[PDB]
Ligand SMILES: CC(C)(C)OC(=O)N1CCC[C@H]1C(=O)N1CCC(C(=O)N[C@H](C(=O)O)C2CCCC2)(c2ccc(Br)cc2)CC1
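Only one chain is included here, represented as structure tokens and corresponding to the form deposited without the named molecule.
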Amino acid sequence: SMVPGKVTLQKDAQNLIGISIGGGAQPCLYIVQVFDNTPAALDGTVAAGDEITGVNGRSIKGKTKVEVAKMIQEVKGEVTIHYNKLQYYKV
């Protein structure tokens, strides 16, 4: 595994970093997809299944999925995503 950490991604011309965020099942949030030809893909660090733990230095504990999405979208220019790298099992 890669080590947990953070990456500062430059927003593209569609104001996207190139991830979709999911989770929030009946509190943790996760990357669902990394989109081709986007900053997140170009950088290669983040991956589907990674837990998102923070945005721009701030914890997202107690925030809803949509709150975090709105936060990331609102940021101009570049945004820092803090992530954890979790074990997965292939079955």
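From 1 onward, residues are counted along the sequence shown.
In what follows, reference is made to the form deposited with the named molecule bound, a form of this protein that is not presented.
The three residues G18, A69 and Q73 all sit with a heavy atom within 4.5 Å of the named molecule in the deposited complex.
The named molecule is not drawn, but in the deposited complex it has no heavy atom within 4.5 Å of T45. Not displayed here, the named molecule is approached by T38 to within 4.5 Å at the level of heavy atoms in the deposited complex.
Interface residue remark: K63 is not counted as part of the site for the named molecule in the deposited complex, having no heavy atom within 4.5 Å.
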